Every structure is written in C-alpha cells, then in structure tokens.
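Report on the following structure.
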Amino acid sequence: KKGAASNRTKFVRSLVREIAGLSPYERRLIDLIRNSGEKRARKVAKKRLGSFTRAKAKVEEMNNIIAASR
Amino acid sequence: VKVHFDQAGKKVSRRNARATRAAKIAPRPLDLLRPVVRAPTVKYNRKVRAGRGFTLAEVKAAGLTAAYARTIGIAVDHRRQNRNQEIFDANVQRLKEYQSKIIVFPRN
Amino acid sequence: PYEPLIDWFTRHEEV
Amino acid sequence: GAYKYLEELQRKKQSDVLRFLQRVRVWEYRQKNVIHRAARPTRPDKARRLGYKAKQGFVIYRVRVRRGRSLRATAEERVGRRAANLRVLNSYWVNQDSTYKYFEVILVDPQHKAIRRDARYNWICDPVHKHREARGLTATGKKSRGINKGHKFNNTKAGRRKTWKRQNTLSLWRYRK
Amino acid sequence: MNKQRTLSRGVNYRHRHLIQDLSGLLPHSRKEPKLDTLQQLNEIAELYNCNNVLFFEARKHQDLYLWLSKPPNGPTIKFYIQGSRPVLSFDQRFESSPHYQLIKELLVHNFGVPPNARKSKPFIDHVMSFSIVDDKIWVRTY
Amino acid sequence: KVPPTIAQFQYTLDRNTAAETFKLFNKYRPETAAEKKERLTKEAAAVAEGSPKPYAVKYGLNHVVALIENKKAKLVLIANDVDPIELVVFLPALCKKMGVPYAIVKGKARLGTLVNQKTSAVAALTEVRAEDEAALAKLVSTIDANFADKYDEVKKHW
RNA sequence: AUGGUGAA
RNA sequence: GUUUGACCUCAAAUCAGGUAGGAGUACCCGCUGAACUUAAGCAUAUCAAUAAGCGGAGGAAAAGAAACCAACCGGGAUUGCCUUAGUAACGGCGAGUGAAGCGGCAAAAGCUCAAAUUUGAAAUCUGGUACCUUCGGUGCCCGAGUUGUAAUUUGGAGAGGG
C-alpha cells in the first residue's frame, strides 16, 4: 500500500533533523540560500545530487528548516 | 552433445514415482484444483486455460477459510486478483461443485 | 563551521 | 522502539555529528589490528534487521580491506578463511577511510547447541551452507552475480556460466525432428 | 547584441554517442542529467535565465522524441529523428504552410548559436544541409 | 572538537543529587531471579496444600524509550559512558521535546547496580508509592534547577 | 598460449 | 577515601565443552584466464565470457515465492523440454552472431525476521552437577542476556477490546 505519513515517524524524523544538525554540504547549501538565493541553491544541490526533483525537495526542506528556525 | 536416450527411462521413472506417491497420498487425487482462467495475450485471448489457484475473493465466496481450503487441496494464489465477473462466477461454481464432491474423514 | 545548535524543534513541549 | 531513531540517525551519515564518530572509530580501527573480534556491533539496528540475535553463538568480527571484485565479498572470504568454523551470514558497512574501508560481518557458530537446538536458525548448520561466502551466496555476492527477477538480467539471471551450456549445447531426441 | 540561452534512463554506447557533441556544436545548450516524465521540465529554464527549453521522451523501448517549444507558452512538436559557427540551409517547403513557417522562425533562435554568445566563435567551419526533402526531417552534415 | 550534540554529556547529576536519586531508586529494586523463584514456589506450595502491581523501576532501553513519548515515565536516567554513543544522542533531545525530566549519571556500571544487571545504560520510574511519591516529585523539581537551568547554553562548548 | 621441471 | 568495590578492553592455562585444513573433483557456486585458429584484418565481431590456474559444497547444486511479465476480457514461485525461433535483435546488414512473454508438457509447499512496551513479575537459553525411561527427560548452581532472550506477523495484513 501507499506510504502513509505515520505521524510518529514524521515526529522522529523532525527530531532527528535537529539532533543531527546539518551536514557540511547542507551547511554550505543553507549559507548560499541565505546569501546567494534559492536560484543558485537549487543548481548547487543538483550539482551535488542527482535528479532535479531531489534537489528541489532538498531546497524546500532547507527553506522549511530556516522558516522553523525563526 | 546431449542425446535423450533416457526418454523412455525418464518416462518410466516418472510413472513409477507418480504411482509411489499414491501410496502416501491414496485418499486424495494427488493434485490441487486449478481454476479456469484466461491467458493474457491478444492471440490467445479467446482460449481459456487453468490457473495456479483460486483468489481470496473466490475462496470467500465458496464459504470456507483460505487456510482450511489449502488443507483440502484447494489452491490459493497470493496475489491473483479477480477482474472478470464471468470468470469469478465460473470459479465459484467449480468450487461449489468440488466442495459438494468432497468426503473428508473426521479428525480421529 | 563551528556554531551553536538551535532548539527550534525541542522548544515546544509535546502535549 | 528506539531502533527507528537509530535508523533515522544512520540515514544522515553526512551529518557533522556522525563525522566525529566516523573519525574516532576509523582512528581506533587504524590503531587496532586489521581483523579482530568485536565485542558488540557498532550498529545494532543494522545487525538486528539483518538477522542478528543477542543469544550465544552470534559472533561479530571486524574486517579491514584496502580501497580500490566487490570489497564486501573479499572481506567475507577473508574472514571465512580466518574463521573457518564460523559461517558467514551477512555484512554491513560501518566506516570508510581515505585508503581503507571497514565492514562488519556477523557470523553464527553452527556447532553451538543454542543454534543447533533452535529451529529459527538451525538451517545454517546444514553442510550445504559451509563456506557460504566462498560461493557468493550472501547479499553482496548475489547482487554481484546479477541474479535478480526480470528480463533485465537475462544474460545472468539463472547464471551466465550455467545458461551458457544450456544455450550452447546440441540436443537430439530419439525421433529426430 | 543577439543573446540567447537554451538547455531516458539507460542507454548503451550507440545512444550515448548519438547526442555526443551537440553541446559543443550548440554551446547555448547545456548538458544535464536525464529526467523522466514533463511539465516540470519547462520551469528549469528559470534557473539559467533561458528563453528556450528542450525535453526528451522515450516510447516503445525503441523510439526517441526530441521536443521543441518555448518555455512560457510555446507550441510543442516532436519527431522520431534517427564550437565552430555553423551555417544553416533552408528549403522552399518550409514557407508554404504555418506548420513549417513557424518552425522555421523558431529554429533561427532555437538551433543557431547566437553570434555574441559566451562561447560564440567568430569564424565558421562547417555547413548544415537542413531540409525537408522526401518529407523526412533527417539530414546529413559535413 | 566534538559537535554541539556531543559534550551535552559530561554535565551530570552531582554527588548529593545522585546519591539522593540512588537512595530513592534503591527502594524500588525489581524482584531478582531468586526472589521471584522462591515467591512462586511458595505460592505453588500454598495452592497445592490449599495485591496491586509490583512497583519497580524501568531500565530496558526499548521499554524506557516506549515509556517516553507517551508521558508515562516521570523520571529518566542516562548513562554517559555508553560505547555506542548513537544510542543515546537523541534521548536527551527527545525527552526535552516530550518535556520528560531526565538526569544524566556517570557510569553505566553504576547505573546497572540498581537493577541487579551489569549494564542497562538507562533507568526510569513510572509507578511510585504514596510514601515515595512526594520524594520523587521533590527530586524531579530539584533536578530541573540543578541541570536544565545550569546548562541552558549546552549548545555551546563544541 | 596455459600448467610444470633444473641448471655454466 | 593514602584503602575498598562496580564494571569495560585484552592477554595467560600440555583447563572442560567444540569446528577447519586434505583427498576426490563428470556436474554445481565464484575469481583469474590466454593462444593456435577466422571473414581479406584482429580492439569490439570469433575461438572464448572456453581449456589450464585458484577458492567452497551435495547426491544432485544454484535459484525459488516479484520494486516479475505484459497492454490483453490479463497471467501470478523456481526449474527442465518442444514451440515461440534460427524469429526480435546485433554485424565492412553481407559473411556470420544470437534473446525473451504468451502456448503445451514434468512437478506445484510455501514460508521466517527488522520495523508497535510483556512491564501486573528475562517469564528465554548454554554450561556444570545430582537422578531417569539416554539422538533425550527433571531438582539445584553459574553464566549468556536488558546495547533485548519471551504471544502473533511480512501486507492475503496484523494487534488491543466488545
């Protein structure tokens, strides 16, 4: 069947996001997002990732993390 | 080079093994019921042939549990879904006839 | 490279 | 269970938090011998899902191989050669180095009564599974052999060496066609 | 003066070498990894300030389709087609009906490298025999 | 240096508070194998010839983690010398998110002595008698000021 | 070519 | 508290309970692996994904219950044969190379874990000892185990309750 949200798993993933901080490449990506724009951030992620969809999802995740930070 | 000189010998051995299996499997017909199904293709769509085993819906319609059905020699398919209504009705009728034809010894 | 962590998620207690 | 948290943490291998652990463990392994018995797996969550039981007989070994045949298969063969009596079941990557790589392989002692009398794992005691790693029957070995369902492996689905004879052999029946 | 920019899973040596030097012959088109289906591909041009975009499709395990269209609201068409500045030939049949007249106008900035692009060289070195002879769209180049 | 998540340990219950916690925990030692065996044999002998749930501390890592995220556990103890540190990195943050008070204690061996086991790496209590409920509440309240308020900047000290 | 032998 | 105890890591024992070397090798499972030889030619094509070389098993071995095949009104594990077919497909399209679904036959048994707290009672197991009705049955002890032994369960769901 489909991959139900499984709210418990979502909470665990959210907690692990803060526990694990950010990877050095993730740190570079967020720094460029805050100072070089999502336009360049997506290109950097694609260069550092595979399909453009994965890079877009990662960029959205970084944006959500930044928004939740404040 | 391979030559099938053992064709007659292989057939005799297969027949002997089948007969021997009846020694332990005498009460039951040594085979499981195979549902009537339609082969997937354009050329052979008109033709009808037997399947591996009845679907869960067919077993439920027949009025018996899937686990019990296996013990009575009724084949069950893990993933076979039913789409054609006529095929399902034919399978249900075949299961009903089979069940009416079974004689089961008590758990003495 | 060396910055303090953030409690953005742990700030709110679960109800 | 806490195993979900461990799995989630293991997903973020690139996290700076895990980088320090990776560095410490790789340094410790470099100071340690190439092959040695581990007291307990460093990734119990990974071991548990691979079929690891805390009961007696489930020995864990650490093996180091040079970077650059599959590295996992070579490590499994090496540990099997060293641990002849033990049976190799599965292995999982735990660490990497600029020149070395580290894989943890879990082994089960077939002669231990705890396994012989246990129906859940007594199957390993069968002689057919002796030196299971040498035949490439492990997860890494099976993938290396290209044995998988579908037509994407038709050249080696059932074994390239085995199917080669079947497809390149003359068959003649008693009544020639 | 004139400035313009432009952009399936599993391929063996022949398909890999088919589209091999198109980037070097069309410097205004970038080389990026494959992406299976289609609408989202139109938005990639935003990340590169491009005004033209091309996307690929695979069907029947044997045919490859090369789509051409303007990202924002461009028309789309496809066909199963089997650094030096180029020069493009033409055919009278391309000005007979809109179905070819529009394609001819689009090509001028969808295929020809801009004279003043970043990698645009000053001198030409080869000629293209672009034509629709025999109703096909496959041409030979020297 | 270590990442911010690491070094959150090394700041643990003090000798006085740790001693008080051990004294409170020592009053809820779970029944050992010998005690359970003798009690069951006595019960069987009484039956042949012709009480509420036993309050005890929770120490199993899986059991403790299951108790957490459900607000059932009232206090949690964390071992600082756990060799697989990954097993314990998320426990403090998870407890803080759930709002369950916890206190880190040095020594897995010392922690295990309270449950008749060599090592447990974790300990918690949910049920408590009335005579000890007030003591447990006071200890929990004291631990807050002792640890959480004294290390509000734990995110620093890479 | 593969596998081996012994030696001014 | 200058003592003492919990542990964790590794050694020591012609201490107890245990297993491997080798041989054989037609077939099986993997690694390495050429040349004579060929189209008019040797890097793909071909001898050859072969002999020899290396490692590990059985009477059979591997594989085996899909991240399958298909596009039809769908089949529903792996394996062997005929057919599909010398076809699709590959190759100075030539010389030559060379697949698979569907169909028919032989036989059809499917299953076990990780991923949910037993928590109102590590209830699990090895080893030693003492007895018996000895491929094993039981009283007692130690150790393994809580960084997980015990109820189901691998999506055809499953579980807590009425």
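Just remember, in the structure tokens the first chain shown is A, the second B, etc., residues are 1-based per chain, and ligands are 1-based in the order shown.
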Can you tell me, as a PyMOL selection string, what residues are no more than 7 Å from residue 14 of chain C when counting only C-alpha atoms (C1' of nucleotides), ignoring any on the same chain fewer than 2 positions away? (chain C and resi 12) or (chain F and resi 97-99)
Hey, what's within 12 Å of residue 13 of chain C if we count only C-alpha atoms (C1' of nucleotides) and toss same-chain stuff fewer than 4 positions away? As a compact mmCIF listing (two decimals) with N, CA and C atoms, in the first residue's frame, please?
```txt
# COMPACT_ATOMS: atom_id res chain seq x y z
N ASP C 7 17.41 25.01 19.08
CA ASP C 7 16.34 24.21 19.66
C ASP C 7 14.99 24.52 19.02
N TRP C 8 14.98 24.83 17.72
CA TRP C 8 13.74 25.22 17.05
C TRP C 8 12.64 24.18 17.23
N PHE C 9 13.00 22.90 17.25
CA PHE C 9 12.01 21.83 17.37
C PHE C 9 11.72 21.47 18.82
N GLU F 69 7.78 9.40 25.11
CA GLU F 69 6.89 9.76 24.01
C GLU F 69 5.44 9.45 24.36
N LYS F 71 4.48 10.03 27.83
CA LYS F 71 4.34 10.79 29.07
C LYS F 71 4.12 9.91 30.29
N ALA F 93 17.45 15.06 23.74
CA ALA F 93 16.62 15.96 22.94
C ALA F 93 15.19 15.44 22.85
N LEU F 94 15.02 14.13 22.70
CA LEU F 94 13.68 13.56 22.64
C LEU F 94 12.92 13.80 23.94
N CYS F 95 13.59 13.60 25.08
CA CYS F 95 12.95 13.86 26.37
C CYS F 95 12.60 15.33 26.52
N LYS F 96 13.50 16.23 26.11
CA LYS F 96 13.21 17.66 26.19
C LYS F 96 12.01 18.02 25.33
N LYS F 97 11.93 17.46 24.12
CA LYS F 97 10.77 17.71 23.27
C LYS F 97 9.50 17.19 23.92
N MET F 98 9.56 16.00 24.53
CA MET F 98 8.42 15.45 25.24
C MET F 98 8.21 16.09 26.61
N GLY F 99 9.17 16.87 27.09
CA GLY F 99 9.02 17.52 28.38
C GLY F 99 9.18 16.59 29.57
N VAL F 100 9.79 15.43 29.38
CA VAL F 100 10.01 14.48 30.47
C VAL F 100 11.33 14.81 31.14
N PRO F 101 11.36 15.07 32.45
CA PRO F 101 12.64 15.39 33.09
C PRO F 101 13.57 14.19 33.11
```
Per-residue nearest contacts chain B to chain D, cut-off 10 Å, using only C-alpha atoms, as a tab-separated table:
```
residue	atom	partner	partner_atom	distance
B:1	CA	D:170	CA	5.2
B:2	CA	D:171	CA	4.9
B:3	CA	D:172	CA	4.9
B:4	CA	D:173	CA	5.1
B:5	CA	D:174	CA	6.4
B:6	CA	D:174	CA	9.2
B:7	CA	D:174	CA	7.8
B:8	CA	D:174	CA	9.6
```
If we count only C-alpha atoms (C1' of nucleotides), what is near residue 6 of chain D at a cut-off of 8 Å, once residues fewer than 4 positions away on the same chain are taken out, given as a list in words? residues 2, 10 and 45 of chain D; 86 and 87 of chain F
I'd like the contact shell of residue 143 of chain H - 12 Å cut-off, only C-alpha atoms (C1' of nucleotides), skipping same-chain residues fewer than 5 positions apart - returned as a ChimeraX atom specification. /D:56 /H:125-128
